[PDB]
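Next come structure tokens for two forms of one protein chain, structure 1 first, structure 2 second.
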Structure 1
């Protein structure tokens, strides 16, 4: 049960892929590697069951950049059978570190869970 527990949550900007833009999103990282985003913080169970974005951070790559926006981090991960890169930015390097440290820790936990 605590496998589906929330490890970290908060606001961040998700980068456009083919369009230059930053979309505001509220993301929750769960202990089973699920990383889900919403346009606003989910108020209830129903709002939680309808995420706009949903990635798995198992075995991901975590990169940190300052261009074009400072405090940006990139995640290279597997969406089913396709490797994808998603880009996010937060307000401070302190929060970026909280996010990349939380993500890596979860990935390491899933691996060690192959126990």
Structure 2
């Protein structure tokens, strides 16, 4: 029952080269957040994504420097800290994305609690 919640272009900052590159991202309701260099094609041939990570259990932060309307997805995975940084042109667009991501994460957190509580 996995479905795309929101998709669109985002300016993503590199993990190694801290430069910014346009990436087409798709957020699914199972937590999947996948980004491509180009908008995906309809075939088993379609190139692999450049970014692929679950937003489950992650935290959303907003910042204005160095670029305004920046949002960061931070996940504490074991001993490794994952941080993915994105920028959009307007604060409205950022709210659009952060709300969508937070809703998906919250849904997954709800499922987690229902599995782990009072077992």
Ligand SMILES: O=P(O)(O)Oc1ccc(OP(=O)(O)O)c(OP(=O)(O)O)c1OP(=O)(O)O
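Take the two forms, find the largest set of C-alpha atoms that superpose within 1.5 Å, and that set is the rigid core. Numbering follows the first chain given and starts at 1.
Here the chain coming from the form solved in complex with the ligand is structure 1, while structure 2 comes from the other form. Just a single entry of 69, 39, 48, 76 exceeds or equals a 2 Å CA shift between structure 1 and structure 2, which is 48 (rigid core superposed). The two forms, fitted on the rigid core, differ between structure 1 and structure 2 by less than 2 Å at the CA of residue 94. Its Cα shifted by 0.5 Å, residue 9 is compared between structure 1 and structure 2 on a rigid core fit. Once the rigid core is matched between structure 1 and structure 2, the CA atom of residue 18 is found 3.3 Å away.
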